[PDB]
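Input: a single structure, listed below in structure tokens.
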Amino acid sequence: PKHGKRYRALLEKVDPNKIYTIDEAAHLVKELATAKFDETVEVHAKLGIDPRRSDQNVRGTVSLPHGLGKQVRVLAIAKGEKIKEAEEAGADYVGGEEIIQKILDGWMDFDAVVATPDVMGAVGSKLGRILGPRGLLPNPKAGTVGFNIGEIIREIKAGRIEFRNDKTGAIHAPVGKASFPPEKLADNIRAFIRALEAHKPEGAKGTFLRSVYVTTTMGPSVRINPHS
Amino acid sequence: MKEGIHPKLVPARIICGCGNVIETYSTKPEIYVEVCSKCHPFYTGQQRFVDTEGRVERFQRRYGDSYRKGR
Amino acid sequence: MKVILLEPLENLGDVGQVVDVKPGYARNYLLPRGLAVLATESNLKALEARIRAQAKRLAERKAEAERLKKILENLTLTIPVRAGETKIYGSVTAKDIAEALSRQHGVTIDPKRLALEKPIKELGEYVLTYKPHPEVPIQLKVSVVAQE
RNA sequence: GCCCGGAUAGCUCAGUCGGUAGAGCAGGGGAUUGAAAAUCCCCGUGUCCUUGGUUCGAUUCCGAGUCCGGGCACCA
RNA sequence: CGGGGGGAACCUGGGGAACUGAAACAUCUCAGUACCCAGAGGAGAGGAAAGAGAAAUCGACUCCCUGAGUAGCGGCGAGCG
RNA sequence: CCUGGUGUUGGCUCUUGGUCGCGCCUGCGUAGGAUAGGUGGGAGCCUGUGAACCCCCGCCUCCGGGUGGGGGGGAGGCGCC
RNA sequence: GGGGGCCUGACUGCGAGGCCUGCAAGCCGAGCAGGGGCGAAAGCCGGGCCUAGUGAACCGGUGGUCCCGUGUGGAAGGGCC
């Protein structure tokens with residue numbers, strides 16, 4: 001009845017009988033873990049879909065407002081003014097079909113690719129073969145193609161957090177900082193509640209949001225009732 | 001008469017049949033089975049005071065026997 | 001199937017119970033027998049009738065007990081023995097006490113239940129606990145002395 | 001039309017991480033075949049019915065598409 | 001003490017059929033009709049509403065006229081109602 | 001006629017299967033200090049072993065190894081990189 | 001009829017007035033409207049070069065519609081396209 005984790009104390013904080021609710025969560029998590037540096041809490045969950053038959057495979061992104069600087073890099077592929085807008089907006093990788101060519105060669109440092117409709121052909125067909133089933137090629141309703149290279153990369157820097165059910169039907173995303181206001185963690189938990197809810201493919205039949213919770217990096221793990 | 005019930009009347013009639021369905025499913029009724037039949041219960045018993053019976057019929061039975069069991 | 005049982009408790013473990021044993025089952029298989037009868041005002045009542053019954057019974061018990069508890073714990077119990085200045089020649093049997101309080105003073109009690117392991121006969125008084133009614137014991141100051 | 005089921009080389013059947021393919025019997029080449037038979041050695045030898053899809057990568061995994069076989073309800 | 005035994009037709013319930021129609025005919029049709037029965041009468045039948053009907057309305061039951069042969073039931077066909 | 005359900009057609013019992021609830025344990029095509037089952041958080045973690053050095057013992061296998069325990073003690077190890 | 005370009009009217013609303021025919025059929029169609037497409041346009045296009053590739057009525061399905069609902073709100077269900 002004794003286990004291998006010093007976290008044990010934090011675990012004692014952890015009383016897994018209730019699934020509680022969001023704001024409560026902000027507070028008890030914020031308290032629960034501030035180990036090395038300050039907790040990097042995150043929320044994770046699983047939906048009653050079936051990602052094999054991609055007719056439910058979701059992803060996208062809500063806009064949990066709150067300053068940013070880390071996670072999921074992206075390539076702003078376009079030309080002059082777009083390099084301007086998106087680069088400044090908040091880009092990790094920037095350029096155009098020249099960057100596309102560099103990638104075809106041996107340079108790929110971006111998980112998501114967002115290109116404006118001006119170098120989109122070169123991006124998708126030149127780099128189509130390269131970014132491929134990696135998730136690195138631009139798609140017109142996958143928050144990856146369009147002129148607002150600046151707007152989207154911008155949010156990438158000011159606050160982004162995306163969605164993408166993994167193999168077994170679950171998503172992960174940042175919806176509040178560690179020492180961050182409880183009500184805050186609540187609100188972001190929410191924006192995610194919503195965009196996620198929307199993504200909810202019409203291919204669901206019943207208890208869709210099955211398990212919805214807040215867990216940290218290295219720390220506690222408790223479900224939250226995004227209802228209250 | 002010699003086989004109705006004992007605890008009321010359950011000895012008689014029955015007109016019936018069928019054919020087939022497929023209605024609020026895909027169409028009309030495969031209609032027909034001009035047939036006729038019987039339709040009834042069962043028998044059993046207990047004791048007055050050393051030496052008895054009952055006879056009767058099914059349910060009505062069960063409640064009943066309970067009743068005169070009361071006496 | 002409200003089977004009310006007299007001789008039953010899941011076997012001949014009698015009264016204080018009622019269970020279900022389906023139609024015929026409980027019916028002619030478990031109760032034709034003669035170990036229980038079914039609900040009804042007659043039966044449920046029955047339980048109520050005699051339950052009240054024991055309530056009053058035991059209650060009463062407790063009561064008479066009290067009348068005697070008071071009277072006795074109250075009074076001193078003095079008795080006459082024959083001896084020198086220690087144990088009487090013929091042992092002091094709490095039963096003896098019995099005859100004593102009993103018709104020598106008034107209220108009576110059965111020897112059996114009491115407080116007396118072996119004959120007590122040192123002399124003078126000892127006040128002991130002879131439990132008369134199951135949780136309410138009668139305690140008393142008993143002294144017998146050589147009436148010389 | 002419903003559900004169970006068979007289809008890969010000439011014949012027959014083999015994988016739930018899938019992520020690397022054929023195998024038993026015939027056809028070509030080579031030893032024991034003194035004769036053969038027979039036997040071994042070898043090779044040739046393939047989309048796993050069609051098609052995209054989840055899939056880095058799944059032919060056995062997702063959906064739909066043939067021809068066929070067994071058991072239901074169809075037109076009334 | 002009672003019944004039973006009758007009785008042309010009327011009568012209640014009990015059980016209950018092919019024709020013919022549908023120019024075939026298997027749903028359907030004649031129909032709950034013919035007939036076997038049991039039985040109360042002089043007539044039984046029904047007979048004071050878990051009714052009607054939607055107006056903040058009626059008011060037992062039965063039979064006549066009307067209610068439409070419309071409302072409708074259906075190899076929506078013969079027809080039936 | 002044969003035959004699932006179900007009603008009288010009550011009692012104790014040996015047991016075996018599917019399912020969901022929690023707990024444990026698992027994952028070796030190949031470069032991969034290495035049997036990475038994914039996708040998340042994501043450079044730090046820990047001292048009731050005072051340790052990865054050593055000891056046996058529990059368990060699962062595709063040599064290896066993974067995991068769970070009892071002990072033995074003298075700032076150490078590993079994830080980072 | 002043979003070749004190239006560009007394109008959907010192989011349009012909805014509809015049609016006057018005629019072919020034949022007793023029934024129902026089937027068949028021919030200027031021109032008015034909305035709406036487009038081939039030329040710059042005088043205009044052609046409401047399938048093909050034409051005469052065969054066809055089937056009532058019931059029944060029921062689906063994409064409407066958003067008409068009806070058996071007191072009223074909705075609805076099973078249902079009327080027309």
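Letters for chains follow the order of the structure tokens (A, B, ...), residue numbers begin at 1 for each chain, and ligand numbers begin at 1 in the order shown.
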
Using only C-alpha atoms (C1' of nucleotides), what does the table of chain D residues within 10 Å of chain A look like, with each row giving the shortest atom pair and its distance in Å to one decimal, sorted by chain and ascending number, as a tab-separated table?
residue	atom	partner	partner_atom	distance
D:53	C1'	A:53	CA	7.7
D:54	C1'	A:52	CA	4.1
D:55	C1'	A:133	CA	8.7
D:56	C1'	A:133	CA	7.3
D:61	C1'	A:52	CA	8.4
D:62	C1'	A:53	CA	4.7
D:63	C1'	A:53	CA	7.2

Original post:
Interatomic distance between CA of residue 21 (chain A) and CA of residue 195 (chain A)?
Top reply: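 CA of residue 21 (chain A) sits 18.5 Å away from CA of residue 195 (chain A).
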
**OP:** Run DSSP on the backbone and give me the residues of chain B it puts in alpha helix (DSSP H), as a list in words.
**Re:**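 Filtering chain B down to alpha helix (DSSP H) leaves residues 58, 59, 60, 61, 62, 63, 64, 65, 66, 67, 68, 69 and 70 of chain B.
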
**OP:** Quick one: pick out all strand (DSSP E) residues within region 50-84 of chain C from a backbone DSSP run and write them as number ranges by chain.
**Re:** C: 77-81

With N, CA, C and O atoms kept, could you save the residues just selected as a tab-separated table (two decimals), in the first residue's frame?
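To be explicit, this is the file written out as result_15.tsv:
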chain	number	residue	atom	x	y	z
C	77	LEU	N	-29.70	-5.01	55.80
C	77	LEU	CA	-30.06	-6.39	56.00
C	77	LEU	C	-29.32	-7.01	57.13
C	77	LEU	O	-28.18	-7.43	57.00
C	78	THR	N	-29.99	-7.08	58.25
C	78	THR	CA	-29.37	-7.62	59.42
C	78	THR	C	-29.94	-8.99	59.74
C	78	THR	O	-31.14	-9.23	59.62
C	79	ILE	N	-29.02	-9.89	60.08
C	79	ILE	CA	-29.27	-11.28	60.40
C	79	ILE	C	-28.47	-11.84	61.60
C	79	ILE	O	-27.33	-11.42	61.87
C	80	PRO	N	-29.06	-12.82	62.31
C	80	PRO	CA	-28.50	-13.50	63.49
C	80	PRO	C	-27.80	-14.83	63.23
C	80	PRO	O	-28.42	-15.78	62.76
C	81	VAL	N	-26.52	-14.91	63.58
C	81	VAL	CA	-25.74	-16.13	63.42
C	81	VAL	C	-25.22	-16.60	64.76
C	81	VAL	O	-25.34	-15.89	65.77

Original post:
Within 12 Å of chain B, which residues of chain D show up when using only C-alpha atoms (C1' of nucleotides), listed as a PyMOL selection string?
Top reply: chain D and resi 1+73-76

Taking N, CA, C and O atoms (P, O5', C5', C4', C3', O3' and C1' of nucleotides) for each residue, export the selection above as a PDB file, in the first residue's frame.
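Output below, filename selection-v9.pdb:
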ATOM      1  P     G D   1     -29.289  -5.484 -53.168  1.00  0.00           P
ATOM      2  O5'   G D   1     -29.431  -4.297 -52.065  1.00  0.00           O
ATOM      3  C5'   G D   1     -30.706  -3.712 -51.775  1.00  0.00           C
ATOM      4  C4'   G D   1     -31.192  -4.164 -50.423  1.00  0.00           C
ATOM      5  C3'   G D   1     -30.212  -4.908 -49.523  1.00  0.00           C
ATOM      6  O3'   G D   1     -29.336  -4.053 -48.792  1.00  0.00           O
ATOM      7  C1'   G D   1     -32.326  -5.960 -49.434  1.00  0.00           C
ATOM      8  P     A D  73     -38.909 -15.474 -44.147  1.00  0.00           P
ATOM      9  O5'   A D  73     -39.504 -14.083 -44.687  1.00  0.00           O
ATOM     10  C5'   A D  73     -40.225 -13.193 -43.823  1.00  0.00           C
ATOM     11  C4'   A D  73     -39.725 -11.778 -43.982  1.00  0.00           C
ATOM     12  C3'   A D  73     -40.081 -11.043 -45.263  1.00  0.00           C
ATOM     13  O3'   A D  73     -41.386 -10.460 -45.187  1.00  0.00           O
ATOM     14  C1'   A D  73     -37.791 -10.738 -44.819  1.00  0.00           C
ATOM     15  P     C D  74     -41.822  -9.285 -46.227  1.00  0.00           P
ATOM     16  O5'   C D  74     -41.788  -9.934 -47.688  1.00  0.00           O
ATOM     17  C5'   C D  74     -40.567 -10.091 -48.415  1.00  0.00           C
ATOM     18  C4'   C D  74     -40.213  -8.819 -49.155  1.00  0.00           C
ATOM     19  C3'   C D  74     -41.098  -8.392 -50.318  1.00  0.00           C
ATOM     20  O3'   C D  74     -42.156  -7.570 -49.891  1.00  0.00           O
ATOM     21  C1'   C D  74     -38.854  -8.272 -50.975  1.00  0.00           C
ATOM     22  P     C D  75     -43.652  -7.955 -50.271  1.00  0.00           P
ATOM     23  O5'   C D  75     -43.727  -7.962 -51.851  1.00  0.00           O
ATOM     24  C5'   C D  75     -44.443  -6.964 -52.545  1.00  0.00           C
ATOM     25  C4'   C D  75     -43.471  -6.171 -53.334  1.00  0.00           C
ATOM     26  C3'   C D  75     -43.918  -5.585 -54.669  1.00  0.00           C
ATOM     27  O3'   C D  75     -44.450  -4.248 -54.497  1.00  0.00           O
ATOM     28  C1'   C D  75     -41.949  -6.902 -54.927  1.00  0.00           C
ATOM     29  P     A D  76     -45.533  -3.630 -55.544  1.00  0.00           P
ATOM     30  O5'   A D  76     -46.278  -4.925 -56.088  1.00  0.00           O
ATOM     31  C5'   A D  76     -47.310  -5.533 -55.329  1.00  0.00           C
ATOM     32  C4'   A D  76     -46.771  -6.721 -54.586  1.00  0.00           C
ATOM     33  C3'   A D  76     -47.325  -8.071 -54.990  1.00  0.00           C
ATOM     34  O3'   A D  76     -46.714  -8.646 -56.125  1.00  0.00           O
ATOM     35  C1'   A D  76     -47.414  -7.866 -52.664  1.00  0.00           C
TER      36        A D  76
END

Original post:
Near region 122-136 of chain C, counting only C-alpha atoms (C1' of nucleotides), which residues have an atom at most 6 Å away, once you skip same-chain residues fewer than 5 positions from it, shown as a list in words?
Top reply: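 Once the adjacent positions are removed, what remains is residues 86, 87, 114, 115, 141, 142, 143, 144 and 145 of chain C.
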
Subject >> Point-to-point distance from CA of residue 103 (chain C) to CA of residue 72 (chain C), Å rounded to tenths >> reply: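 Between CA of residue 103 (chain C) and CA of residue 72 (chain C) the gap works out to 13.7 Å.
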
**OP:** Please identify all polymer residues within 12 Å of region 20-27 of chain G, counting only C-alpha atoms (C1' of nucleotides), omitting same-chain residues fewer than 6 positions from it, and present them as a list in words.
**Re:**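 Here the qualifying residues turn out to be residues 51, 54, 55 and 56 of chain G.
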
**OP:** Do a neighbour search on residue 19 (chain D) at 9 Å with only C-alpha atoms (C1' of nucleotides), toss out local chain neighbours closer than 4 positions, and write the hits as an NGL selection string.
**Re:** (:D and (55 or 57-58)) or (:F and (29))

Subject >> Selection near residue 193 (chain A), 10 Å with only C-alpha atoms (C1' of nucleotides), sequence-local residues under 6 positions removed, as a ChimeraX atom specification >> reply: /A:62,175,187,209,212,226-227

Can you list, as a PDB file with N, CA and C atoms, in the first residue's frame, every protein, DNA or RNA residue that comes within 12 Å of residue 81 (chain A) when you count only C-alpha atoms (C1' of nucleotides), leaving out same-chain residues fewer than 2 positions away?
ATOM      1  N   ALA A  76       5.480  29.505 -41.653  1.00  0.00           N
ATOM      2  CA  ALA A  76       4.714  30.518 -42.360  1.00  0.00           C
ATOM      3  C   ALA A  76       5.295  30.510 -43.770  1.00  0.00           C
ATOM      4  N   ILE A  77       4.597  29.832 -44.680  1.00  0.00           N
ATOM      5  CA  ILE A  77       5.062  29.735 -46.062  1.00  0.00           C
ATOM      6  C   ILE A  77       4.280  30.689 -46.963  1.00  0.00           C
ATOM      7  N   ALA A  78       4.989  31.681 -47.507  1.00  0.00           N
ATOM      8  CA  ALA A  78       4.404  32.657 -48.431  1.00  0.00           C
ATOM      9  C   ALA A  78       5.445  33.506 -49.197  1.00  0.00           C
ATOM     10  N   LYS A  79       5.267  34.824 -49.171  1.00  0.00           N
ATOM     11  CA  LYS A  79       6.161  35.747 -49.855  1.00  0.00           C
ATOM     12  C   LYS A  79       6.279  37.013 -49.010  1.00  0.00           C
ATOM     13  N   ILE A  83       5.316  37.082 -45.064  1.00  0.00           N
ATOM     14  CA  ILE A  83       6.466  36.781 -44.198  1.00  0.00           C
ATOM     15  C   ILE A  83       6.390  37.870 -43.126  1.00  0.00           C
ATOM     16  N   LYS A  84       6.209  39.129 -43.552  1.00  0.00           N
ATOM     17  CA  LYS A  84       6.021  40.291 -42.649  1.00  0.00           C
ATOM     18  C   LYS A  84       4.997  40.009 -41.516  1.00  0.00           C
ATOM     19  N   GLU A  85       3.727  39.995 -41.923  1.00  0.00           N
ATOM     20  CA  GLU A  85       2.575  39.761 -41.056  1.00  0.00           C
ATOM     21  C   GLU A  85       2.661  38.556 -40.111  1.00  0.00           C
ATOM     22  N   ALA A  86       2.827  37.344 -40.648  1.00  0.00           N
ATOM     23  CA  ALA A  86       2.859  36.132 -39.808  1.00  0.00           C
ATOM     24  C   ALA A  86       4.119  35.991 -38.975  1.00  0.00           C
ATOM     25  N   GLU A  87       5.250  36.307 -39.608  1.00  0.00           N
ATOM     26  CA  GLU A  87       6.542  36.229 -38.957  1.00  0.00           C
ATOM     27  C   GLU A  87       6.352  37.032 -37.680  1.00  0.00           C
ATOM     28  N   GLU A  88       6.039  38.343 -37.818  1.00  0.00           N
ATOM     29  CA  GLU A  88       5.841  39.265 -36.665  1.00  0.00           C
ATOM     30  C   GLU A  88       4.759  38.798 -35.692  1.00  0.00           C
ATOM     31  N   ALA A  89       3.657  38.345 -36.274  1.00  0.00           N
ATOM     32  CA  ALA A  89       2.529  37.774 -35.566  1.00  0.00           C
ATOM     33  C   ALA A  89       3.070  36.884 -34.448  1.00  0.00           C
ATOM     34  N   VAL A  94       9.871  30.673 -40.695  1.00  0.00           N
ATOM     35  CA  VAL A  94       9.311  31.580 -41.707  1.00  0.00           C
ATOM     36  C   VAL A  94      10.026  31.692 -43.042  1.00  0.00           C
ATOM     37  N   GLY A  95       9.240  31.732 -44.110  1.00  0.00           N
ATOM     38  CA  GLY A  95       9.826  31.882 -45.423  1.00  0.00           C
ATOM     39  C   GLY A  95       8.775  31.605 -46.464  1.00  0.00           C
ATOM     40  N   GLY A  96       9.137  30.880 -47.510  1.00  0.00           N
ATOM     41  CA  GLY A  96       8.144  30.586 -48.530  1.00  0.00           C
ATOM     42  C   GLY A  96       8.395  29.277 -49.242  1.00  0.00           C
ATOM     43  N   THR A 116       0.179  31.009 -47.007  1.00  0.00           N
ATOM     44  CA  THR A 116      -0.872  31.850 -47.559  1.00  0.00           C
ATOM     45  C   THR A 116      -1.151  31.333 -48.964  1.00  0.00           C
ATOM     46  N   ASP A 118      -0.614  32.179 -51.626  1.00  0.00           N
ATOM     47  CA  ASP A 118       0.339  32.662 -52.639  1.00  0.00           C
ATOM     48  C   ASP A 118       1.553  31.752 -52.902  1.00  0.00           C
ATOM     49  N   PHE A 147      -4.727  33.342 -46.306  1.00  0.00           N
ATOM     50  CA  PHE A 147      -3.920  34.556 -46.323  1.00  0.00           C
ATOM     51  C   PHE A 147      -3.521  35.110 -44.954  1.00  0.00           C
ATOM     52  N   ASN A 148      -4.375  34.895 -43.953  1.00  0.00           N
ATOM     53  CA  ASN A 148      -4.134  35.369 -42.585  1.00  0.00           C
ATOM     54  C   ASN A 148      -2.961  34.655 -41.903  1.00  0.00           C
ATOM     55  N   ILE A 149      -1.858  34.498 -42.637  1.00  0.00           N
ATOM     56  CA  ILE A 149      -0.666  33.832 -42.114  1.00  0.00           C
ATOM     57  C   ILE A 149      -0.280  34.591 -40.843  1.00  0.00           C
ATOM     58  N   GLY A 150      -0.437  35.908 -40.926  1.00  0.00           N
ATOM     59  CA  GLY A 150      -0.152  36.770 -39.800  1.00  0.00           C
ATOM     60  C   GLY A 150      -1.102  36.525 -38.644  1.00  0.00           C
TER      61      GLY A 150
END

Can you work out which residues from chain F touch chain C at a cut-off of 12 Å (counting only C-alpha atoms (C1' of nucleotides)) and hand them back as a PDB file with N, CA, C and O atoms (P, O5', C5', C4', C3', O3' and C1' of nucleotides), in the first residue's frame?
ATOM      1  P     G F   7     -42.539 -18.289 -15.174  1.00  0.00           P
ATOM      2  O5'   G F   7     -44.114 -18.419 -15.278  1.00  0.00           O
ATOM      3  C5'   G F   7     -44.956 -17.715 -14.389  1.00  0.00           C
ATOM      4  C4'   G F   7     -46.202 -18.502 -14.193  1.00  0.00           C
ATOM      5  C3'   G F   7     -45.988 -19.857 -13.533  1.00  0.00           C
ATOM      6  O3'   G F   7     -46.119 -19.773 -12.114  1.00  0.00           O
ATOM      7  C1'   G F   7     -47.222 -20.124 -15.529  1.00  0.00           C
ATOM      8  P     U F   8     -44.945 -20.326 -11.164  1.00  0.00           P
ATOM      9  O5'   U F   8     -45.540 -21.616 -10.446  1.00  0.00           O
ATOM     10  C5'   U F   8     -46.620 -21.512  -9.530  1.00  0.00           C
ATOM     11  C4'   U F   8     -47.649 -22.541  -9.876  1.00  0.00           C
ATOM     12  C3'   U F   8     -47.339 -23.981  -9.506  1.00  0.00           C
ATOM     13  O3'   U F   8     -47.798 -24.375  -8.229  1.00  0.00           O
ATOM     14  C1'   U F   8     -48.090 -23.882 -11.736  1.00  0.00           C
ATOM     15  P     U F   9     -47.807 -25.939  -7.862  1.00  0.00           P
ATOM     16  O5'   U F   9     -46.356 -26.409  -8.364  1.00  0.00           O
ATOM     17  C5'   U F   9     -46.070 -26.684  -9.754  1.00  0.00           C
ATOM     18  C4'   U F   9     -44.567 -26.610 -10.042  1.00  0.00           C
ATOM     19  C3'   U F   9     -43.924 -25.233 -10.201  1.00  0.00           C
ATOM     20  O3'   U F   9     -43.554 -24.797  -8.881  1.00  0.00           O
ATOM     21  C1'   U F   9     -43.021 -26.838 -11.776  1.00  0.00           C
ATOM     22  P     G F  10     -43.160 -23.255  -8.580  1.00  0.00           P
ATOM     23  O5'   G F  10     -42.454 -23.334  -7.133  1.00  0.00           O
ATOM     24  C5'   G F  10     -41.020 -23.531  -6.957  1.00  0.00           C
ATOM     25  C4'   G F  10     -40.706 -24.108  -5.566  1.00  0.00           C
ATOM     26  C3'   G F  10     -39.263 -24.040  -5.052  1.00  0.00           C
ATOM     27  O3'   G F  10     -38.992 -22.846  -4.336  1.00  0.00           O
ATOM     28  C1'   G F  10     -40.023 -26.242  -4.830  1.00  0.00           C
ATOM     29  P     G F  11     -37.569 -22.648  -3.598  1.00  0.00           P
ATOM     30  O5'   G F  11     -36.953 -24.105  -3.374  1.00  0.00           O
ATOM     31  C5'   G F  11     -37.002 -24.710  -2.079  1.00  0.00           C
ATOM     32  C4'   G F  11     -35.807 -25.629  -1.816  1.00  0.00           C
ATOM     33  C3'   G F  11     -34.368 -25.180  -2.014  1.00  0.00           C
ATOM     34  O3'   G F  11     -33.882 -24.219  -1.084  1.00  0.00           O
ATOM     35  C1'   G F  11     -34.570 -27.508  -2.453  1.00  0.00           C
TER      36        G F  11
END

Could I get the residues of chain B with an atom no further than 12 Å from an atom of region 16-34 of chain E, each paired with its nearest atom pair and that distance in Å to one decimal, using only C-alpha atoms (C1' of nucleotides), sorted by chain and residue number, as a Markdown table?
| residue | atom | partner | partner_atom | distance |
| --- | --- | --- | --- | --- |
| B:13 | CA | E:16 | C1' | 11.4 |
| B:15 | CA | E:16 | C1' | 11.8 |
| B:17 | CA | E:27 | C1' | 11.8 |
| B:18 | CA | E:27 | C1' | 10.7 |
| B:19 | CA | E:27 | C1' | 9.8 |
| B:20 | CA | E:27 | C1' | 11.6 |
| B:29 | CA | E:27 | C1' | 9.9 |
| B:30 | CA | E:27 | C1' | 8.8 |
| B:31 | CA | E:27 | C1' | 5.8 |
| B:32 | CA | E:27 | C1' | 5.7 |
| B:33 | CA | E:27 | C1' | 8.7 |
| B:34 | CA | E:27 | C1' | 9.0 |
| B:36 | CA | E:16 | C1' | 11.5 |

Once you have the residues from the selection above, write them out as a compact mmCIF listing (two decimals), in the first residue's frame, restricted to C-alpha atoms.
# COMPACT_ATOMS: atom_id res chain seq x y z
CA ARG B 13 -64.18 -18.32 -27.37
CA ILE B 15 -61.28 -16.09 -33.39
CA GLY B 17 -55.16 -15.70 -37.54
CA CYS B 18 -52.44 -13.61 -39.23
CA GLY B 19 -50.57 -14.09 -42.49
CA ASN B 20 -47.79 -11.51 -42.42
CA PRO B 29 -50.09 -5.96 -44.55
CA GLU B 30 -49.60 -9.36 -46.07
CA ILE B 31 -53.16 -9.92 -44.94
CA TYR B 32 -54.67 -13.30 -44.02
CA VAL B 33 -55.33 -16.32 -41.77
CA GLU B 34 -59.08 -16.90 -41.33
CA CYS B 36 -60.49 -20.16 -34.98

Original post:
Could you write out as a list in words the residues of chain B within 10 Å of chain C, counting only C-alpha atoms?
Top reply: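 Here they are: residues 46, 62, 66, 69 and 70 of chain B.
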
For the interface of chain B with chain F (cut-off 9 Å, counting only C-alpha atoms (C1' of nucleotides)), please tabulate each contacting residue of chain B alongside its nearest pair of atoms and their separation in Å to one decimal, rows sorted by chain and increasing number, as JSON lines.
{"residue": "B:42", "atom": "CA", "partner": "F:8", "partner_atom": "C1'", "distance": 7.7}
{"residue": "B:43", "atom": "CA", "partner": "F:8", "partner_atom": "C1'", "distance": 8.4}
{"residue": "B:44", "atom": "CA", "partner": "F:8", "partner_atom": "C1'", "distance": 8.3}
{"residue": "B:58", "atom": "CA", "partner": "F:8", "partner_atom": "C1'", "distance": 7.6}
